[PDB]
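Take a look at the letters that make up each chain.
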Amino acid sequence: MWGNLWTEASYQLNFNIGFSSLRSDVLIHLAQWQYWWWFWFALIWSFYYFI
Amino acid sequence: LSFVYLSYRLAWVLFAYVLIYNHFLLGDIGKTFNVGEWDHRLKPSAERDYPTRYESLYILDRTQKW
Amino acid sequence: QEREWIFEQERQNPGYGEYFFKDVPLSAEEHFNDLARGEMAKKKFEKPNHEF
Amino acid sequence: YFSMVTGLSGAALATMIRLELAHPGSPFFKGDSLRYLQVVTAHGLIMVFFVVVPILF
Amino acid sequence: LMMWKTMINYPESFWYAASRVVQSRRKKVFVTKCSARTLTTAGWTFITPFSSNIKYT
Amino acid sequence: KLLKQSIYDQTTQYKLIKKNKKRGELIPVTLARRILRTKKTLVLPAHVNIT
Amino acid sequence: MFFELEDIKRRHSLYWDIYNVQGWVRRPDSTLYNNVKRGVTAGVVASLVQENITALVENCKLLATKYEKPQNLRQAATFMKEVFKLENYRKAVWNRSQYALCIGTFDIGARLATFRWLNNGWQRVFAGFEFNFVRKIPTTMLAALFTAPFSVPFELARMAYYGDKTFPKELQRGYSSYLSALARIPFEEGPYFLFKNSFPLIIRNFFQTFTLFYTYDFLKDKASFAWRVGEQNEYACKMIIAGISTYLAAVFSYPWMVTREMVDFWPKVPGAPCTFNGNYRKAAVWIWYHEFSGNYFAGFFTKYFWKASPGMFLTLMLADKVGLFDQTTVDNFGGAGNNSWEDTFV
Amino acid sequence: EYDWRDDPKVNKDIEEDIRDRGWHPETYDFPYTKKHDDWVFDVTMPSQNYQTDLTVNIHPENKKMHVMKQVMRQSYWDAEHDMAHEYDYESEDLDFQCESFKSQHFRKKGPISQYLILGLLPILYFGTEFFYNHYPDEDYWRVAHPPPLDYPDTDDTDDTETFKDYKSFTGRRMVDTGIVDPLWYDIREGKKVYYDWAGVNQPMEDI
Amino acid sequence: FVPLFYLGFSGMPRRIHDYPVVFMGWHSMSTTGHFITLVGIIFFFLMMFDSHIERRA
Ligand code: HEA
Ligand SMILES: CCCCCCCCCCCCCCCCCC(=O)OC[C@H](COP(=O)([O-])OCC[N+](C)(C)C)OC(=O)CCCCCCCCCCCCCCCCC
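Analysis parameters
- Residues numbered from 1 in each chain as written, not as in the entry; some residues may be left out.
- Chains lettered and ligands numbered in written order.
- Part of a larger assembly, values for the part shown.
- Heavy atoms only, no water.
- Near = heavy atom within 4 Å.
- Polar contact = N/O pair within 3.5 Å; in protein donor to acceptor, adjacent residues only side chain to side chain.
- Areas by Shrake-Rupley, 256 points an atom, 1.4 Å probe, with all protein chains shown as cover.
- Helix = DSSP H or I, 4+ residues; strand = E, 2+ residues; numbered from the N terminus.
- Nonpolar A, V, L, I, M, F, W, Y, C, P; charged D, E, K, R; others polar.
- Donors = N, O, S within 2.8 Å, 3.2 Å for Na, K, Ca; no water.
- Contact = heavy atoms within 4.5 Å.
- Pairing = 2+ DSSP bridges.
- Buried area = accessible area lost by both parts, 1.4 Å probe.
- Salt bridge = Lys/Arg side-chain N within 4 Å of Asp/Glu carboxyl O.

A short note on the site of ligand 2
The full set close to ligand 2 counts 20 residues, and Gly23 and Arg135 of chain G together with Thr128, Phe131 and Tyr140 of chain H are the nearest of them. Residues lining ligand 2 come from chains G, H and I. Residue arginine 135 of chain G places a side-chain N or O atom 2.5 Å away from an oxygen atom belonging to ligand 2. Between ligand 2 and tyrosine 140 of chain H there is a distance of 3.4 Å, counted from a nitrogen atom to a backbone nitrogen or oxygen. Look at ligand 2: alone it shows 1,200 Å² of surface, and the protein chains cover 70% of it. Every element with two or more residues in the shell around ligand 2 is listed here: α3 (121-132) of chain H together with α2 (24-54) of chain I. Here the element with the most residues in the shell around ligand 2 is α3 of chain H; it accounts for eight residues. The class makeup of the residues in the shell around ligand 2 is 13 nonpolar, five polar and two charged.

In structure tokens:
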């Protein structure tokens, strides 16, 4: 808190599952990269299922 | 045979002591251990540089040498 | 029926026992009454005569 | 069998580590950070060099 | 240590007079006066100058 | 956002927060600071370069 | 002394620690009367429902062996109406209700009371999970043992009652009901007639109690993130947990009930010594060491599952509803949970 | 040298291990050369020939019960024989290897109480360390008790000061705000009594 | 070891015996897992004992 400007950045709850905050560019880039990294497995995943 | 038997008996007893003390008797270090030390003659005689089992009889000290 | 009394004291308490009682003056340092401390130190040592 | 004993030792050290980290406030070592660091170092060293290496090799 | 008759023939150090002889305990996480701030370890990866100095370990 | 005059005992409020404060499972890191508290802040500007 | 042993009670000076809220702290509602009342209530309700289920299922099977199974829903309703109309069904309902009362007030109620008495004081972490659940393994185990033989006399009295029912007129005791048989057996065939060679029942009760209670408590604590972190119904989650625990208890309890079939029902080889020597414990050990686990699971659902599983499921549900699985969770930093408040907020 | 007390038939007090019914490790030769397996027929598949017999149908589901064949029991050691055979007459026995294969050092099983000790090894080791060595300290594993009223001193346990703080204007208002939990104990006579909902044991008596 | 991944994503340093309040949850779960592992270890030793009551070839 800096006046009514809430400079706080984390707001990280207990049982947090991901990054502490997404207000920085590096962490936004990492989050997008991780999501799309998990996107590109479908065929391989499906393949193993049948095996 | 004297040397052989001395070596073997000492080895077995000291090994048993090591195992038992380091597995069962570490709750009170003061009870199951003694603090000993001896330093160089150049330095003043150490606080723990005394003969054990005679702490209530003697105070051991020595003159420094160089 | 004499004993090694420090050895007996070590026998009675197995290291981590809770036996600090108010009824026992010798149980702990806090429970030793101050009157005994004053009384046991009332006398004085003799001053030697350096006749040598 | 020696590796069984040493693995139990390492499991006990890991149990100490996890009991210290169960909740904040140091419930196990009760504010003694150096003892916790010693436990962590001993756990790592005897798990690497005196459990897995003995067992396998 | 009041009676020398028992002390003179006992083949042990005088630490029995100092080992847990008081009831005064203090259970506060912040009052832990450890053995010494330098009696620690630097993890299973010996990191310097933390590991290689008596001033710190 | 007014520095009003307190009708309470500020020491008592401090000691009651110290003794027994309400907490919950999903409490944010903003409202639960126990190891991350300091007496000074490093203030830097934003959108600019600092070596 | 009063005999060869003296119970030397001693006085000790006080001790205290930094934290007070994650060890054994006996709950105020863990009195003997309250535990007995709650356990008896849950047990009698669950047992009544289970025994009505068993009577209905077995009388439907009895009618289906003489009439064709229904083809559609209207025929199913007619079949069920005729099952309810059966004379054999009403007496079964009455006698199995008496049996349910006996086994709820003295077996399931005793299990619940003993489990609560031994496990009431295990507190849980405030905003985490009870990490040290191993402490409950001996405790729960003890309860199971202490309540293993509490159903044996009642089960053997029921067996004797039906066996009396199925003999000729001259060889009948004339048991008017289940309670009459239970009251008359110990004074006619002796108390040991209700306990002889009861190892299958005892070990089955042990495994039922331990698996059911331990699994339910463990899952209802460890799977609590399912409705605390990611918000779910918690009632569907509790029902799923109870079903999993009941299935595991039934799986771990059935193989010991096959020893009856193996010992005195499997045909014997003429001129050869009887295997297992008619012991049920040599048979239990052979089952324990048998290589094929499917051989002693045949008839799991035909003989055992639908006669114990609904009862165990309702026992878990009603015990959780009444409060025999509730544990105290207190903040470990503020208030009574801490003795060093100065590090709580720094 | 026949002792009927050692005979399982005459001596009825010798309990039979039914899992070792067909196996007698006393009669095991080393190396083992017995043949206890051969072709088995007339259980479900008859040894007769009915392949073309139109008047005969084979129903293997009518299989008759036979004597159960237990899994082979491992050999049990003979203490005297094993000690005698592996004994070496130092300084008067040549250091060589016998031509016969019966000189092989065969492993035979033995007692089981040692493995009873082994089975409880994790329990015993953890108990030893934590309880016997009293790690991390004496008070950790003990049932938790709060200190008595103002024990050891009001600087550490300021129970009366907190009791007054909760019972004053500022304390009542702070409890009203909802950010402070209610007082968890009452000072009755000179005793601090914790409420039932506090979820803690009562303090120990100062003996 | 999955909640440890969760804590690592949230910024939890390695060798600290005290941590911010917002980690305790997963840490508790992690500790729970360890004890589960310990139970498995028990069963391991049990089977060895159970392997010598059995005494089969
Ligand atoms: C061999 C590798 C190994 C093993 C097995 C383990 C076991 C475990 N470790 Fe360990 N750990 C390390 C390697 C290992 N660790 C290393 C290298 C470090 C770094 C130290 C440092 O940071 O400097 C570390 C540190 C470390 C920490 C760091 C603490 C801190 O940073 O604050 C933590 C905390 O979560 C942890 C957790 C655990 C847990 C819960 C287990 C549990 O899984 C324990 C499970 C127990 C068993 C696996 C026992 C095996 C069973 C047997 C009885 C063996 C005998 C059987 C036969 C003979 C077949 N470990
Ligand atoms: C000369 C021979 C000496 C041999 C060594 C000494 C004896 C060793 C044998 C001990 C046998 C077991 C006795 C258990 C009695 C428990 C009674 C009780 O309620 O205790 C409460 C204690 C404490 O429960 P708690 O959770 O309330 O306490 C935690 C601490 N406070 C109070 C701060 C919250 O429970 C246990 O210790 C669990 C016992 C479970 C059974 C296993 C015992 C051995 C392992 C104990 C260490 C912990 C790890 C467990 C998991 C791993 C196991 C391999």
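Some points on the coordination of the iron atom of ligand 1
Looking at the iron atom of ligand 1, one finds just one donor atom contributed by the protein, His43 of chain D (NE2), at 2.0 Å. Within the secondary structure, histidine 43 of chain D is located in helix α2 (residues 33-56).

Quick notes on the environment of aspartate 7 of chain H
All names here are of chain H. Among the secondary structure elements, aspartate 7 is positioned in the segment before α1 (79-86). Put simply, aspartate 7 and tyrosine 87 are 80 residues apart on the chain and 30 Å apart in space, counted from C-alpha to C-alpha. Residues contacting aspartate 7, with those up to four places away along its chain left out, are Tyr2 and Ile14.

Remarks on the pairing of strand β1 (residues 185-188) of chain H
Pairing of β1 of chain H with strand β2 (residues 191-194) of chain H, which is carried by four bridges, proceeds in the antiparallel orientation. Bridge pairing in β2 of chain H links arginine 188 of chain H to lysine 191 of chain H.

Regarding the arrangement of the chains
Where 23 pairs of chains are in contact, the pair with the most contacts is made of chains G and H. Structurally, chain A and chain C remain out of contact, their C-alpha atoms never closer than 39 Å.

What to know about the interface of chain H and chain G
Facing the 35 residues of chain H at the interface are 36 residues of chain G. Of the roughly 3,100 Å² buried at the junction of chain H and chain G (both faces included), carbon and sulfur atoms supply 66%. Area buried by chain H at its contact with chain G is led by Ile18, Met65 and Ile207 of chain H, which between them contribute 18% of it. The tally of links from chain H across to chain G stands at one salt bridge. Two residues, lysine 282 of chain G and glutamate 15 of chain H, come together in a salt bridge whose shortest N-O distance is 3.3 Å. At the boundary of chain H with chain G, the tally comes to seven residue pairs in polar contact. Split by residue class, the side of chain H that touches chain G holds 19 nonpolar, five polar and 11 charged.

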